[PDB]
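K.L.:
Pasting a structure below so you can have a look.
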Amino acid sequence: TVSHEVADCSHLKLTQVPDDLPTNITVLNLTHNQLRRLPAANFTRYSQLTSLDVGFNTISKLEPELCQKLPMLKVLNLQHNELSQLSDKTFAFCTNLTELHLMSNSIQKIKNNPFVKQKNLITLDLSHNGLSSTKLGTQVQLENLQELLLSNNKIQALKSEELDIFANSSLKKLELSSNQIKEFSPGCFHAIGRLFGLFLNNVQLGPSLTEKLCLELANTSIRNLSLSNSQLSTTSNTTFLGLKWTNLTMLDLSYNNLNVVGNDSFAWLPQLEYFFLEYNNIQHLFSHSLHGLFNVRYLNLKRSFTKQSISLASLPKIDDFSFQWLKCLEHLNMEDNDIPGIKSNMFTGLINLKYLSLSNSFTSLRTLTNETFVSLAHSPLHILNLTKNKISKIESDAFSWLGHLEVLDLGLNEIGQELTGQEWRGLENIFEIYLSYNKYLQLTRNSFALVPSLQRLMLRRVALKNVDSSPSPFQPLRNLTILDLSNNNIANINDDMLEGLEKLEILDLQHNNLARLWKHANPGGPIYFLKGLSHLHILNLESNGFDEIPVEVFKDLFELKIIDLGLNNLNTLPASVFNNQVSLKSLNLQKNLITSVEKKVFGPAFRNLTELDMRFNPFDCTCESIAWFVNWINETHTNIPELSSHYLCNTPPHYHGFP
Amino acid sequence: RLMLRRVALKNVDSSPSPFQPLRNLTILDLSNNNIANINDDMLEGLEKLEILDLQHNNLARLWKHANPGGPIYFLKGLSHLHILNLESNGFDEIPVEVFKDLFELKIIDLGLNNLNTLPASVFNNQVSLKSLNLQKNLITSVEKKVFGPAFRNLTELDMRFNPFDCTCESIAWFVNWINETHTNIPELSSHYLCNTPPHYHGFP
């Protein structure tokens, strides 16, 4: 039972509460135990507690004298117990509670009056119980109550007289999930003082019962309403008839298997702002289907449409100008769909759009024609995602209509072409383009000459071709800050590729083949392709097969902090190479062939670090080669994980395996 | 003679050995097949086998002491085996009694592996060895207790790319045997370079 200010007794198999703890503890936790009985006599010492988590235990019943000793107790958790009996005196003396969880206590019925004697309660939980009615008392109480949970109960009817208690209570959440309610009484919710949110997830209503529900929500202050997995197969213009007389803002219709959406079905929600339709089975979307939704700020359509079936090829078709009513839409998530393709008028009318996601939303978008994005002409789009859409070819002027675009995500596709550079025209305010995990790209001289404002360019596992052109393709990228060129098997890299890249900070060249470019036997001399990088911060060169490092390759990296050189064939490093890295933080040399660590090369490197990664190396135990290293190991503040596990001496056999 | 080089053998680890009826088999090639699991009794009854090639495969696990069920001694009963090839198998440990019955072994090939330490008194039974090939391995020490009987009377030696250790406890007997010998050791002063310690770094 470790405790400094928080007392924890989780999964310790306690049978009785401990009697040796500080008096001034505020929270005391005994979750996952078998306290069969919780005597109040053992809590004489414990009188300064605020929260008591005693859930997941085997308490049968409780006594009034438990919270007599606790005048400041505020949270009382009784999850997963056998408290099937409640009385007026169960929670009488203690009234300062603001949290009370009774989940999964197998409570059958509320008899007379368990909850009048407290008025400061905020959250009440009654989930996974055997209650069949929402009656929790006779008179009116729980004035300050805000959170009520009654999910996974056996309630079949929601009567008006059962909620007369909440005539003067402001309720923000009515969790009635997984309960088979099939009858609604008039005035059931009008009896509630201030209803702000209703949650009816996994509750089988149907379209007709949903219409009666909306009629029962007439003339109230509801803000949120979720009908997830409510079996709403179809909707009509009168299904949400009752919601004019309220000002609902959040509506959830996920997992309802909504096959078809009726015309002008959503025209009756003028104040809707957040709408959810994810994981749905929509087959056809009409032009007037989303009418009346001119105030929605966020729409979700992830898996909202019918998946492709080989039996009928029922591709979900979207009519033109279907989203024209969304004048104030600012966030559209429409990932994982089987839309056949982009039409010329599908996104027309979006004048306030700022985020569009199209991750795996099309079956086969092979060609990105210049006429594809004409529907986003007036849309001030900033972030666009085209991942997993099987893009195969990008024509010129494909993104010429997105003048306000800032982030472009084209990764995880099958893009195989040669970059003429005319595909990027019109992206005057672009900042990021993602192109990782494609088939092959062949760079040219003017590949990125039309986007000088580029800052991050990711090309991980894209198999770059013609990367060694005499003029550097990243020359126009004056403001480039992050560049990834990993897993491309790049062989030849010119010296002047990174000239003029003063603002570059992150460079990744891991998993490539540049071993020849650094050997002294390379014709033309070693390539010092890291010159002028005054602001470079993170450098990665893993799995490059390097066998020799030139002495003046890191001469200008004055702000280098993170360097990675693992999984290489390094054996000997030149002396006085790391002098200029006065601000290094992490050095990673795992799985190399180095044998000696000495001051003349690794002295300035080990000035002030925070991490070190040198696991799998055949170190040599000799006073000429390791004595300074093990001395620096003896006293240091750098984090060296598994120092005694894999830093094993391989040679000589006298010290074979000795840490 | 049964040649199966680069044929990608599947279901090779059946409980009854498919080469059991091959009583008169003399040459068997099983190279470049990425064979992973090999049973102990695969070569039982192969008294007349002479040439065995198992190069460019994956049998590293079958010889480690941590392998469940014990190491596989799939070279037992091979009294007439003459040429054995185990290149590029990734071997990291050799069982002590795997070559216990090869009384007529003359050519052995173990290059391009990850061998670092060999058990003492392993090559006692190879009194008629001719060529030993251990190029491109990770061995560091050569001593009498393992390589003494191996260097009795040879004609070839192939140990080019190894990180040898220059210490009187580990190389003194080896360089002494280099000083006087009749075995053919080509490029003896070209690639037999001392890697460790850095004092003798690159010194032949």
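Convention: chains lettered A, B, ... in structure tokens order; per-chain residue numbering from 1; ligands numbered from 1 as shown.
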Do you know which residues are at most 8 Å from region 57-70 of chain B counting only C-alpha atoms, after dropping those on the same chain fewer than 3 positions away, and could you put them as a VMD selection string?

P.N.:
chain B and resid 31 to 38 54 87 to 95

K.L.:
Restricting the output to C-alpha atoms, write the selected residues as a short mmCIF file (atom, residue, chain, number, x, y, z; two decimals), in the first residue's frame.

P.N.:
data_model
loop_
_atom_site.label_atom_id
_atom_site.label_comp_id
_atom_site.auth_asym_id
_atom_site.auth_seq_id
_atom_site.Cartn_x
_atom_site.Cartn_y
_atom_site.Cartn_z
CA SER B 31 21.10 -25.33 -51.05
CA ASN B 32 19.34 -21.95 -51.35
CA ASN B 33 15.99 -23.33 -50.16
CA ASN B 34 15.55 -21.38 -46.88
CA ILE B 35 14.96 -24.64 -45.02
CA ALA B 36 14.09 -23.88 -41.40
CA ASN B 37 13.32 -27.14 -39.56
CA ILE B 38 15.26 -30.37 -40.11
CA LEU B 54 23.29 -27.26 -47.14
CA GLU B 87 27.77 -21.54 -46.00
CA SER B 88 25.48 -18.62 -45.11
CA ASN B 89 23.48 -20.58 -42.54
CA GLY B 90 23.79 -17.89 -39.86
CA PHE B 91 25.18 -20.39 -37.35
CA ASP B 92 25.95 -18.85 -33.96
CA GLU B 93 26.87 -22.00 -31.98
CA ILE B 94 28.09 -25.48 -32.94
CA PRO B 95 27.10 -28.51 -30.81
#

K.L.:
Can you build me a table of chain B residues sitting at most 12 Å from chain A, with the closest atom pair per residue and its distance in Å to one decimal, using only C-alpha atoms, sorted by chain and residue number, as CSV?

P.N.:
residue,atom,partner,partner_atom,distance
B:116,CA,A:650,CA,9.2
B:117,CA,A:653,CA,8.9
B:118,CA,A:653,CA,11.7
B:138,CA,A:618,CA,10.2
B:139,CA,A:651,CA,10.0
B:140,CA,A:651,CA,7.4
B:141,CA,A:653,CA,7.4
B:142,CA,A:653,CA,10.7
B:143,CA,A:653,CA,11.3
B:163,CA,A:651,CA,9.7
B:164,CA,A:651,CA,9.5
B:165,CA,A:652,CA,6.9
B:166,CA,A:652,CA,9.0
B:167,CA,A:652,CA,8.0
B:168,CA,A:652,CA,10.7
B:169,CA,A:654,CA,8.7
B:170,CA,A:653,CA,7.9
B:171,CA,A:652,CA,10.7
B:195,CA,A:595,CA,8.8
B:196,CA,A:620,CA,7.2
B:197,CA,A:620,CA,6.9
B:198,CA,A:596,CA,7.2
B:199,CA,A:624,CA,8.1
B:200,CA,A:624,CA,11.5
B:201,CA,A:572,CA,9.8
B:202,CA,A:572,CA,11.3

K.L.:
May I have the selected residues written with N, CA, C and O atoms, as a CSV table (one decimal), in the first residue's frame?

P.N.:
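This is the output file again25.csv:
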chain,number,residue,atom,x,y,z
B,116,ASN,N,31.2,-17.3,-33.5
B,116,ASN,CA,32.1,-16.5,-32.7
B,116,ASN,C,32.9,-17.3,-31.7
B,116,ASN,O,34.1,-17.1,-31.5
B,117,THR,N,32.3,-18.4,-31.1
B,117,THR,CA,33.0,-19.3,-30.2
B,117,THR,C,32.7,-20.7,-30.6
B,117,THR,O,31.5,-21.1,-30.8
B,118,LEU,N,33.7,-21.5,-30.7
B,118,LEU,CA,33.5,-22.9,-31.0
B,118,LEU,C,33.9,-23.8,-29.8
B,118,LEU,O,34.8,-23.5,-29.0
B,138,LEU,N,32.6,-14.2,-37.6
B,138,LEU,CA,32.9,-13.3,-36.4
B,138,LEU,C,33.8,-13.9,-35.4
B,138,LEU,O,33.9,-13.5,-34.3
B,139,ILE,N,34.6,-15.0,-35.8
B,139,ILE,CA,35.5,-15.6,-34.8
B,139,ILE,C,36.6,-14.6,-34.5
B,139,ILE,O,37.0,-13.8,-35.3
B,140,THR,N,37.1,-14.7,-33.3
B,140,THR,CA,38.2,-13.8,-32.8
B,140,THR,C,39.4,-14.5,-32.2
B,140,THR,O,40.5,-13.9,-32.2
B,141,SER,N,39.3,-15.8,-31.8
B,141,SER,CA,40.4,-16.5,-31.2
B,141,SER,C,40.6,-17.9,-31.9
B,141,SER,O,39.6,-18.5,-32.2
B,142,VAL,N,41.8,-18.2,-32.1
B,142,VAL,CA,42.2,-19.6,-32.6
B,142,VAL,C,43.1,-20.2,-31.6
B,142,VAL,O,44.2,-19.7,-31.3
B,143,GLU,N,42.7,-21.4,-31.1
B,143,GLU,CA,43.5,-22.0,-30.0
B,143,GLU,C,43.5,-23.5,-30.3
B,143,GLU,O,42.8,-24.1,-31.1
B,163,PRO,N,37.5,-10.8,-37.7
B,163,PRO,CA,38.1,-9.8,-36.8
B,163,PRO,C,39.0,-10.5,-35.8
B,163,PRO,O,38.6,-10.8,-34.7
B,164,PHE,N,40.2,-10.9,-36.2
B,164,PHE,CA,41.2,-11.6,-35.3
B,164,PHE,C,41.6,-10.7,-34.2
B,164,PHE,O,41.8,-9.5,-34.4
B,165,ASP,N,41.9,-11.3,-33.0
B,165,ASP,CA,42.4,-10.6,-31.9
B,165,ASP,C,43.8,-10.9,-31.7
B,165,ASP,O,44.2,-12.1,-31.6
B,166,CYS,N,44.7,-9.9,-31.6
B,166,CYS,CA,46.1,-10.0,-31.4
B,166,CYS,C,46.4,-10.1,-29.9
B,166,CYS,O,46.6,-9.0,-29.2
B,167,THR,N,46.4,-11.3,-29.3
B,167,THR,CA,46.8,-11.5,-27.9
B,167,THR,C,47.5,-12.8,-27.8
B,167,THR,O,47.1,-13.8,-28.5
B,168,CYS,N,48.5,-12.9,-26.9
B,168,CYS,CA,49.2,-14.1,-26.7
B,168,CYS,C,48.3,-15.3,-26.2
B,168,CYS,O,48.7,-16.4,-26.4
B,169,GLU,N,47.2,-15.0,-25.6
B,169,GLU,CA,46.2,-16.0,-25.2
B,169,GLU,C,45.3,-16.5,-26.3
B,169,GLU,O,44.7,-17.6,-26.2
B,170,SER,N,45.3,-15.8,-27.4
B,170,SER,CA,44.3,-16.1,-28.4
B,170,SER,C,44.8,-16.2,-29.9
B,170,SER,O,44.1,-16.9,-30.7
B,171,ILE,N,46.0,-15.7,-30.2
B,171,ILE,CA,46.5,-15.8,-31.5
B,171,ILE,C,47.9,-16.3,-31.6
B,171,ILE,O,48.4,-16.6,-32.7
B,195,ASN,N,41.9,-6.8,-36.3
B,195,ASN,CA,40.9,-5.8,-36.0
B,195,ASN,C,40.9,-5.2,-34.6
B,195,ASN,O,40.6,-4.0,-34.4
B,196,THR,N,41.3,-6.0,-33.7
B,196,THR,CA,41.2,-5.7,-32.2
B,196,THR,C,42.4,-6.3,-31.5
B,196,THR,O,42.7,-7.4,-31.7
B,197,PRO,N,43.1,-5.5,-30.6
B,197,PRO,CA,42.9,-4.1,-30.2
B,197,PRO,C,43.3,-3.1,-31.2
B,197,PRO,O,43.9,-3.4,-32.2
B,198,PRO,N,42.9,-1.8,-31.0
B,198,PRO,CA,43.3,-0.7,-31.9
B,198,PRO,C,44.8,-0.5,-32.0
B,198,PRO,O,45.3,0.1,-33.0
B,199,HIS,N,45.6,-1.0,-31.1
B,199,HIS,CA,47.0,-1.0,-31.2
B,199,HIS,C,47.5,-1.8,-32.4
B,199,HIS,O,48.4,-1.4,-33.1
B,200,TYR,N,46.9,-3.0,-32.6
B,200,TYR,CA,47.2,-3.9,-33.7
B,200,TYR,C,46.2,-3.8,-34.8
B,200,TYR,O,46.0,-4.7,-35.5
B,201,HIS,N,45.5,-2.6,-34.9
B,201,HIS,CA,44.4,-2.5,-35.9
B,201,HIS,C,45.0,-2.5,-37.3
B,201,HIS,O,45.7,-1.6,-37.7
B,202,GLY,N,44.6,-3.5,-38.0
B,202,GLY,CA,45.1,-3.7,-39.4
B,202,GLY,C,46.4,-4.3,-39.6
B,202,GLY,O,46.9,-4.5,-40.7

K.L.:
Just the residues within 8 Å of region 466-469 of chain A, please, counting only C-alpha atoms, with nothing from its chain fewer than 4 positions along; format it as a list in words.

P.N.:
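The filter keeps residues 442, 443, 444, 445, 473, 490, 492, 493 and 494 of chain A.
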
K.L.:
Please return as a VMD selection string: the residues of region 101-134 of chain A that backbone DSSP assigns to strand (DSSP E or B).

P.N.:
chain A and resid 101 123 to 125

K.L.:
Please provide as a list in words all residues within 7 Å of residue 97 (chain A), with the sequence filter that same-chain residues fewer than 3 positions apart are discarded (counting only C-alpha atoms).

P.N.:
residues 73, 74, 75, 94, 120 and 121 of chain A
